[PDB]
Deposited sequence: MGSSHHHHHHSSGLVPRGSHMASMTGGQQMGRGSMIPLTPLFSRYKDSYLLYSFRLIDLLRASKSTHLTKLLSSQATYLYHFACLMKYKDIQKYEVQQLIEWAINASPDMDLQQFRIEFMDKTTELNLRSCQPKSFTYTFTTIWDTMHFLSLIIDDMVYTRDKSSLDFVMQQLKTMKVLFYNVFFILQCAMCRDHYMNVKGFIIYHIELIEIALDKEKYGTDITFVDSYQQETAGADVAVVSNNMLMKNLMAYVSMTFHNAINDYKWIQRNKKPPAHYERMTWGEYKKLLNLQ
C-alpha cells in the first residue's frame, strides 16, 4: 500500500473534495452523455478511494438531487447522505477547491496505479483501463478555458505510459517477468532493443507532466519564467 505522509494526506482529501465536486454537477447536467460520463467517472473515483453498493446509492441520490439547490445546500444534503449510508470516509475535510485539488487528484491516481502494479493480472489490466478513462475525462470544474484546451492536447502523455504498463503486464502474462528499475532512463533504454518497468513510473510521469504544464504557461502569458519539483525531492516528500 501507499506510504502515509503529510503530502499523501492532502492528496486523499483533495481526491474526496474533487469527487464531491464532480457529483454536484450531476443534478445540473444538460445532456444524457454528460450524465453518463459524470456518473461513471465518480463511480470509478470512489472505487479507487459493501462500499460499492453504498456508492451506487450515493451516486443515484446525486442524479436526482434538486437542480435548484446551490452548491452549499448540496454540500449539506451530501454530508447527511454519506453519514446515512455509512460513508463518512467519503466526506472531505476541506472544501477549498483550487488547482492543487486537481493536481493532487491526478498525483493520487498515479500513486494508486504504481501500488496496484508493484503489489499485483487480469484484474490489474482491467483497472489500468479504468484509469485511462479517468485521465481522459478529467474535468476542471473551476473556470480555466485555456487549461482545458491545453490538457486535451497533451493528456495522452500520461495515458501512453499507462499503456506501456499494460504492454509490460501482457508480456508477464505470456512468459517474460517484469523487471523493475529505479530510473526512467533505464526503462526507456530498454524499450529500444526483456520487460523493464520503472518503479513508481506514474508518480514520475505525472510529476514530469506537472512541471511541463508550469514551464509551458510562461509561453502562454509571455513572460520570462523559481523552484521546480525534482524526482529526488518528490520521492522524499512521499516516502517512495
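- No alpha-carbon coordinates exist for the deposited sequence positions 1 to 34, 84 to 90, 162 to 165, 239 to 242, 275 to 277, 293, given here in order along the chain.
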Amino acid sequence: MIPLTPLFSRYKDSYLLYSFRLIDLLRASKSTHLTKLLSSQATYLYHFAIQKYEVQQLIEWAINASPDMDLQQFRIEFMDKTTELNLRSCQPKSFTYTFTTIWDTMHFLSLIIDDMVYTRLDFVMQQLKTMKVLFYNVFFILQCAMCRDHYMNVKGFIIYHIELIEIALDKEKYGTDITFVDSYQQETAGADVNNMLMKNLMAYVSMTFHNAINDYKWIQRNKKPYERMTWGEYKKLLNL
From here on, numbers count along this sequence of modelled residues.
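- Mean CA B-factor, 37 to 45 versus 174 to 182: the higher value falls on 174 to 182.
- Checked against the record, the higher mean CA B factor of 13 to 21 and 216 to 224 lies with 216 to 224.
- Comparing the C-alpha B-factors of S110, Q143, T101, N153 in the entry, the top value falls on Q143.
- The residue among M125, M131, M106, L164 whose C-alpha carries the highest B-factor in the deposited model is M125.
- Annotation for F135: C-alpha temperature factor in the lowest third relative to the rest of the modelled chain, per the entry.
- Annotation for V205: CA B-factor lies in the lowest third of the chain's modelled residues.
- Among all modelled residues in its chain, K30 ranks in the highest third by Cα B-factor.
- When the CA B factors of the chain's modelled residues are split into thirds, the value for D192 lands in the highest one.
- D70 sits in the lowest third of its chain by CA B factor, as recorded in the PDB entry.
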